[PDB]
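Given next are the chains, with one letter for each unit.
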Amino acid sequence: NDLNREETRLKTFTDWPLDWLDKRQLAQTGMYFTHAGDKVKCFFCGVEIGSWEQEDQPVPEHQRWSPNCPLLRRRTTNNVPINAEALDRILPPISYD
Amino acid sequence: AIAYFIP
Ligand SMILES: [Zn+2]
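Residues numbered from 1 in each chain as written, not as in the entry; some residues may be left out. Chains lettered and ligands numbered in written order. Heavy atoms only, no water.

Engineer: Looking at this structure, how should I read the pattern of salt bridges?
Structural biologist: Pairing is possible between side chains that carry opposite charge, provided their charged atoms lie close to one another. Residues and elements named next belong to chain A. In total, this model carries six salt bridges over all chains according to the counting rule given. As a salt-bridge pair, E61 and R64 come within 2.9 Å of each other at their nearest N and O atoms. Pair noted here: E61 and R64 are both in helix α3 (residues 58-65), with a separation of three residues, about one helical turn. The partner of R89 in a salt bridge is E85, and the shortest N-O contact between them spans 2.9 Å. A residue pair is termed a helical-turn pair when its members lie 3 or 4 positions apart in one helix, as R89 and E85 do in helix α4 (residues 84-90) at four residues. Looking at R89, the relative accessible area reads 62%, which means it is exposed. Judged by relative accessible area, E85 falls into the partly exposed class, the value being 44%. Here the residues in one salt-bridge network are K39, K41 and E48, joined through shared partners. (Salt bridge = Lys/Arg side-chain N within 4 Å of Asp/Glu carboxyl O. Helix = DSSP H or I, 4+ residues; strand = E, 2+ residues; numbered from the N terminus. Buried < 20%, exposed > 50% of the residue type's maximum accessible area, 1.4 Å probe, protein only.)

Engineer: When you look at the coordination of the zinc ion in this model, what are you seeing that I'm missing?
Structural biologist: Angles between donor atoms at a metal ideally measure 109.5 degrees for a four-coordinate tetrahedral arrangement and either 90 or 180 degrees for a six-coordinate octahedral one. Residues and elements named next belong to chain A. Protein-derived coordination of the zinc ion comes from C42 (SG), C45 (SG), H62 (NE2) and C69 (SG), at a distance range of 2.2 to 2.4 Å. Taken in sequence order, the residues that donate to the zinc ion follow the motif C-x2-C-x16-H-x6-C. Here the residue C42 occupies a position in strand β2 (residues 40-42), and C69 occupies one in the loop between α3 and α4, the gap between them amounting to 27 residues. Here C42 matches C69 in class, with each residue buried. (Donors = N, O, S within 2.8 Å, 3.2 Å for Na, K, Ca; no water.)

By themselves, these figures tell us nothing about what the structure is for.
Now the structure itself:
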């Protein structure tokens, strides 16, 4: 029962400080809560992002600091989504950068 | 946001 599962990542978000930033979308896109401030870490690429500003979005910020993330790049990973269609809907559209 | 760690 690892963080490769969206369900497990979502449960790490206990005591999430940001009411305006969606923990569900963060967990859905690879993030788990580190429990240090508002810092989250991606289980697939390892990027850690914190000190979020109200203009920041889950996927764009993730893509901004980690352009080659396997999950965001739509490569094969061991991720287990709660809802596959919802994940496909939120991941960055395909494109060769 | 700030990246506390970049791959
Ligand atoms: Zn990532």
